[PDB]
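Below sits a lone chain in structure tokens, taken as the form deposited in one PDB entry.
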């Protein structure tokens, strides 16, 4: 077959967890592969020493990384009959880049080397709820989760509310045209995963 399943959603939506749980369950009965690089973090640090990293260049750094993971792991897995689960796919780029002022149509063209998923789950949830949950986890908000480059003044919590809110707007815009399966991430991880397992379970026959 070769089935591409993508997960999208804001940081704190639990999509990573839902992706892993899906793989672990799909492994029981089918070959499956679950999908950033250190150098990206090195580019950002060095860029900070340099007083410049444009949204354009930021977009292209991530596309470069994605092209490598796509051509090295995703596409070959797919060609050889794996189910591929991607925790974050091209739609993450569409949102990350367009919120920074990069023309989304250009981003679409940029990533047009990559196939559309067979299924994309959008785990949709209020940023307020995602923040509350990260707050109960006692975990600190990373600069990237707070859109620190866009909102350099703010507390990480306020940054996160605004930045993840902007990301949500782009995801909501893609739903109809990209055929996202929207999942209410207000639900528990168990309810969400059971619902997803039943849905993908339409590969069982």
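Numbering follows the first chain given and starts at 1. For the two forms, the rigid core is made up of the largest set of C-alpha atoms that agree within 1.5 Å on superposition. Residues that one form lacks are left out of the comparison.
Separately, the form deposited in another entry exists; it is not shown, and the next lines address it.
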**Request:** Compare C-alpha positions between the shown form and the other one after fitting on the rigid core and state which of 43, 174, 161, 63 moves by at least 2 angstroms.
**Result:** 43
**Message:** Does residue 30 move appreciably between the shown form and the other one, meaning a CA displacement of 2 Å or more on the superposed rigid core?
**Reply:** no
**Message:** A 3 angstroms or greater change in CA distance between residue 60 and residue 45 is reported in the other entry. Closer or farther than in this form?
**Reply:** closer
**Message:** So the CA-CA distance for residue 47 and residue 162 moves by at least 3 angstroms in the other entry. Closer or farther than here?
**Reply:** farther
**Complete:** Core-referenced diff between the shown form and the other one: runs of three or more consecutive residues, each Cα shifted 2 Å or more, sit at 37-51, 136-140
